[PDB]
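For reference, the chain that follows is the form deposited without the ligand, supplied as structure tokens.
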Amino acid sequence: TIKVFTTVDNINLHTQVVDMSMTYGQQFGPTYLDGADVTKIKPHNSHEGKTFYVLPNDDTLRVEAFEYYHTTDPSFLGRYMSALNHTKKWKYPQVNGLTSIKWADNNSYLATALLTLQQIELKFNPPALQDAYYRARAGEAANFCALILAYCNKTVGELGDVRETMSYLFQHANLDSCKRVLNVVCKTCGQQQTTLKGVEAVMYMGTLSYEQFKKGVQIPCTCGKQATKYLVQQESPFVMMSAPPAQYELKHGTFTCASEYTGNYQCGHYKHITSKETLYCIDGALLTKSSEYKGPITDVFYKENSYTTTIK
């Protein structure tokens, strides 16, 4: 017999005596050793003392799992392991001071999401995610990428959407106190103010221009006229403005960073544009600098703190 540790978080370890005549799966359920699936394997003597991950299959492990990952989805950990086997083999070059990802397995959407996160102010609430995120910021991003895939219910190689991805991640970020107040004005129906909080206060779908959002965008009214919607008040460290991809000119110094999307739902590619002393296009491991940029932009990120309209 051998003594080992089992765990769901590699924080709380639990002693186990292992029967060498049974596989790990027969004793523990699906079981991983340093990420390798050992479910169908007989214990080796050399495994004595090692730490194994298992699926949360009792109350203690379930609570520990929830406390570390902030999800009760029982398939989460298996999904994470499957992703991590791949993301450990990706490469994470430093590009223009940021951790990027060299292209692999259609991962451009994860690269531009990671590049974006390093330019906006945000903290993740699940300890697993915030821990992985700080390692990713330093260049060791495999765990962070596998968690993102797991949180988004995506597998390695699946095409992804940055906006959807950002939405899921923001739901695990402390945006609780972010606030947006909007006003919609119809000459017939009058004015209707709305207040949004959390993730809905920092994401908008329909226009890339933050300035246009402040000035007012035309939206239809059920009465049949065109109403105007504009931003009354914003309280957040950034905003995300998105729209269906379309040719768009990005101007140095008017935005923080942006996502460009080429292709369709069957085959496509993201690039990342950032505004520094000039414009930089980060494309996985590739870097290109230019003073102007035009492309099929789909998300633009802007810094914010507090904004109040002067529209009376």
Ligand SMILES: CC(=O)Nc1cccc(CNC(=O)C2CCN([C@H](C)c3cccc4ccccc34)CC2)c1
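C-alpha atoms forming the largest set that superposes within 1.5 Å between two forms make up the rigid core. Residue numbers here begin at 1 and follow the sequence given.
Below, we refer to the form deposited with the ligand bound, which is not included among the displayed structures.
Peer 1: Does at least one non-hydrogen atom of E235 fall within 4.5 angstroms of the ligand in the deposited bound form?
Peer 2: Judged by the heavy-atom cut-off of 4.5 Å, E235 is well away from the ligand in the deposited bound form.
Peer 1: Evaluate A138 for contact with the ligand in the deposited bound form, applying a 4.5 angstroms cut-off between non-hydrogen atoms, and reply yes or no.
Peer 2: Taking the distances in the deposited bound form, the answer for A138 is no, it never comes within 4.5 Å of the ligand.
Peer 1: Quick one: does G49 come within 4.5 Å of the ligand in the deposited bound form, counting heavy atoms only?
Peer 2: Answer no; every heavy atom of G49 is more than 4.5 Å from the ligand in the deposited bound form.
Peer 1: Does any part of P43 reach within 4.5 Å of the ligand in the deposited bound form? Heavy atoms only, please.
Peer 2: Close contact is absent here: in the deposited bound form, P43 is far from the ligand, nothing within 4.5 Å, heavy atoms only.
Peer 1: Taking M205, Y261 and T298 together, does each of them reach the ligand in the deposited bound form with some heavy atom inside 4.5 Å?
Peer 2: All three within 4.5 Å in the deposited bound form.
Peer 1: Given a 4.5 Å cut-off on heavy atoms, tell me which of 138-146, 151-159, 113-121, 87-95 is the interface stretch with the ligand in the deposited bound form.
Peer 2: That would be 151-159.
Peer 1: At 4.5 Å, heavy atom to heavy atom, what parts of 216-243 sit next to the ligand in the deposited bound form? List them in sequence order, or say none.
Peer 2: The stretch 216-243, when checked against the ligand in the deposited bound form, contributes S242, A243 at the 4.5 Å heavy-atom cut-off.
Peer 1: Of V217, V184, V181, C221, which is the single residue whose C-alpha shifts by 2 angstroms or more between the shown form and the other one after core superposition?
Peer 2: Residue with a C-alpha shift of 2 Å or more: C221.
Peer 1: Spell out whether the Cα of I41 moves at least 2 Å between the shown form and the other one when the two forms are superposed on their rigid core.
Peer 2: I41 C-alpha, core-superposed: shift of 2 Å or more.
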